[PDB]
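S.K.: Below is a structure I'd like to ask you about.
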Ligand SMILES: [Ca+2]
Ligand SMILES: [Ca+2]
Ligand SMILES: [Ca+2]
Ligand SMILES: [Ca+2]
């Protein structure tokens, strides 16, 4: 399958080369897999989600996304135009209030909620969680991401947009989960991207076009937009039976475009998420 004039990110994850704008993917498109977006919530009613998105949990007064962050990440995972896995089920878990921030205890509860809630969902192809959130190191937050992973969910987490070593952030610094840095359309490390030995993979992070609240669209930049790309790829790869929740991160890193990225610190992996799809 080929989507002409796709967002640069989608085109790049189905490319050996930068500078193309057609997304190539297997038409299965992550059907029968679920990606949990642990975020500000999802505008489920966005025509781009085609009824494939639902809010499953909130820790606030509304489950609505009054922010936009989580609607924009959800979109990069599995929206028809801006998604990697165009046929995946999106579950919205609102751990972040509409100002974009949330207590670590609430975030942990959200990660433990997904680890259980998946047993309440039809995800025969497997379960992915996209964590486009971060803060300071916390073993408790690290251990929550470890538990979600261990439970049989592929956990993808932003490295953080501090342009520092992600060893000092959570859940970015958790060894057992997929830590995602951000690249830009010219194959450069995004100036904001965290780095370090704890990074597993890079994703398109800079100027990521996706869905927004008010049934709208906009471009935004972060490791937070690299993550939904890797989250989605994992959903797509799992639906192809090409990997599992537990080994998805490895698989993605084994099959990644290697040495393609510039401004990658020594001792950080030079690996760009790649669907390795051959039309
Ligand atoms: Ca573009
Ligand atoms: Ca976003
Ligand atoms: Ca987000
Ligand atoms: Ca987002």
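Shown for chain A, in order and in Swiss-Prot numbering: 106-384.
Even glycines carry a Cβ here, placed using N, Cα and C.
Heads up, here are the entries from Swiss-Prot:
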DOMAIN    112-384  domain 'Peptidase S8'
BINDING   121, 365  Ca(2+) 2 binding site
DISULFID  139-228  disulfide bond
ACT_SITE  144  active site, charge relay system
ACT_SITE  174  active site, charge relay system
BINDING   280, 282, 305  Ca(2+) 1 binding site
DISULFID  283-354  disulfide bond
ACT_SITE  329  active site, charge relay system
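Walk me through the surroundings of each of these features.
M.R.: A sphere of 10 angstroms centred on the C-beta of residue 121 (Ca(2+) 2 binding site) encloses 11 other C-beta atoms.
If you draw a 10 Å sphere around the CB of residue 139 (disulfide bond), it holds 28 other CB atoms from the protein chains shown.
Secondary structure at residue 144 (active site, charge relay system), as computed by DSSP, is strand. Under a cutoff of 8 A between CB atoms, and with a sequence separation of 6+ in the same chain, the neighbours of residue 144 (active site, charge relay system) are 170, 174, 175, 178, 179, 197, 198, 199, 200, 201, 235, 237, 238.
Cβ-based neighbour count (10 Å, all protein chains) for residue 282 (Ca(2+) 1 binding site) stands at 27.
Residues near residue 283 (disulfide bond) in space but far in sequence (CB under 8 A, at least 6 apart, same chain), listed by position: 259, 260, 261, 262, 305, 306, 335, 339, 353, 354, 357. Under the DSSP three-state reduction, residue 283 (disulfide bond) is assigned to strand.
Mapped onto three states, the DSSP output places residue 329 (active site, charge relay system) in helix.
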S.K.: If you compare CA-to-CA distances from residue 282 (Ca(2+) 1 binding site) to each of the recorded positions 139, 228, 365, which comes out shortest?
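M.R.: Result for residue 282 (Ca(2+) 1 binding site): the nearest of the recorded positions is 139.
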S.K.: So which of 121, 139, 228, 283, listed as recorded positions, have a Cβ under 6 Å from an atom of ligand 4?
M.R.: none
S.K.: Determine which residues of this chain, when 280, 282, 305 are set aside, have a Cβ within 8 Å of the centroid of the Ca(2+) 1 site's Cβ atoms, and list them as they appear in the sequence.
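M.R.: So the additional residues around the site are 254, 260, 262, 279, 281, 283, 284, 303, 354.
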S.K.: Give the sequence-ordered list of residues that share a chain with residue 329 (active site, charge relay system), lie 6 or more positions from it, and have CB atoms under 8 Å from its CB.
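M.R.: Non-local contacts for residue 329 (active site, charge relay system): 174, 178, 237, 238, 263, 266, 310.
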S.K.: May I ask which of the binding-site residues 121, 280, 365 is closest to residue 139 (disulfide bond) if we compare their C-alpha atoms?
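M.R.: When the Cα distances are compared, 280 comes out closest.
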